[PDB]
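Single chain ahead, by itself, as structure tokens, in the form deposited without the ligand.
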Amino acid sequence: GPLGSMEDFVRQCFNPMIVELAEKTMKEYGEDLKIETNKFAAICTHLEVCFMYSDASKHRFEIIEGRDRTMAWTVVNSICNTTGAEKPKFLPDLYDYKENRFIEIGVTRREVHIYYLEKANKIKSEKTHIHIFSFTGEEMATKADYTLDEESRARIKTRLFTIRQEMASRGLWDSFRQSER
């Protein structure tokens, strides 16, 4: 019936720190969240997934996403110097200290395999590990290595389902889904 505001939804659905980091992200790119509200939600979603992924194993992962850009490269370059890891061409989302690799996390409602192939074709690296989550609960990962166990990943998928559900109940899902890409 009633169609809600996506900005209202974001500020209610996501933790204050995620929202703030997403605001900083958009401002850093010169974007108005009051107009590009679906993107604001997507940024929040992706940041939450990255944080959940890291939290699945505390201190196993360094978080790169959410930091300001200069600081993100500072962190990446430090990790590369310390661990000997090869420097990525584009900023990744995490660094896995156990498997010794950077990780790019994708969140999509497009077809998960195509999305994976596009990510992989962009970053080009033979080292950076890619992990894609769909709002459908589908996932795809480099070399069928999913990194975390089923329960951790289920928690992330459950979060995505809950977001899609709350959006839909406020009439926001169709627009949000369409806005991707």
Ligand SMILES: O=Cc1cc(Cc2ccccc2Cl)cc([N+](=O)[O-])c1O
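Numbers follow the displayed sequence, beginning with 1.
Below, we turn to the form deposited with the ligand bound, even though it does not appear here.
Novice: Pick from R60, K119, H129, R153: which has a non-hydrogen atom within 4.5 Å of the ligand in the entry with it bound?
Specialist: Contact residue from the list: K119.
Novice: Using a 4.5 Å heavy atom cut-off, state whether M140 contacts the ligand in the entry with it bound.
Specialist: No, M140 sits far enough from the ligand in the entry with it bound that none of its heavy atoms falls within 4.5 Å.
Novice: Using heavy atoms and a 4.5 Å limit, would one call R69 a contact residue for the ligand in the entry with it bound?
Specialist: Residue-level check for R69: yes, a contact with the ligand.
Novice: Does the ligand come within 4.5 Å of any heavy atom of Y53 in the entry with it bound?
Specialist: No - in the entry with it bound, heavy atoms of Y53 and the ligand never come within 4.5 Å of each other.
Novice: With heavy atoms only and a cut-off of 4.5 Å, decide whether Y146 touches the ligand in the entry with it bound.
Specialist: Outside the cut-off, so no.
Novice: Using a 4.5 Å cut-off on heavy atoms, what residues in 15 to 35 are near the ligand in the entry with it bound?
Specialist: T25, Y29 sit within 4.5 Å of the partner.
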